[PDB]
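Please treat every number below as a calculation from the coordinates, not as lab data. Positions of Cβ are generated from backbone atoms using ideal geometry, with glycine treated the same way; all protein chains shown enter the neighbour counts.
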Amino acid sequence: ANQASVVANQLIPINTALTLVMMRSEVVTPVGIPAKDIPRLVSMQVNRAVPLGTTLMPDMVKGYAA
């Protein structure tokens with residue numbers, strides 16, 4: 001309950017490095033990458049285009065391991 005996840009604040013294009021303006025925090029279901037990880041996600045790349053409002057999941061970020 002109340003676990004916030006990283007949500008795409010903009011459509012994030014494939015193979016583009018994550019910046020702070022692309023990531024917001026929201027309580028969504030299912031749970032994705034924890035919102036506390038937003039700083040460590042900066043400059044990592046997604047391996048697929050992530051539409052606006054999509055929860056970022058571990059498998060979408062290249063190099064992400066919690």
Residues located in the stretch 3-39, provided they are among the hydrophobic types (A, V, I, L, M, F, W, C), outside any strand (DSSP E or B) and surrounded by 15 or more Cβ atoms within 10 Å (Cβ to Cβ): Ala4, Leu18, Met22, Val28, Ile33, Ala35, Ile38
Scope the stretch 53-66; condition part of a loop (DSSP other than H, G, I, E, B) and closer than 23 Å to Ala1 by Cα; matching residues: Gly53, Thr54, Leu56, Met57, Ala65, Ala66
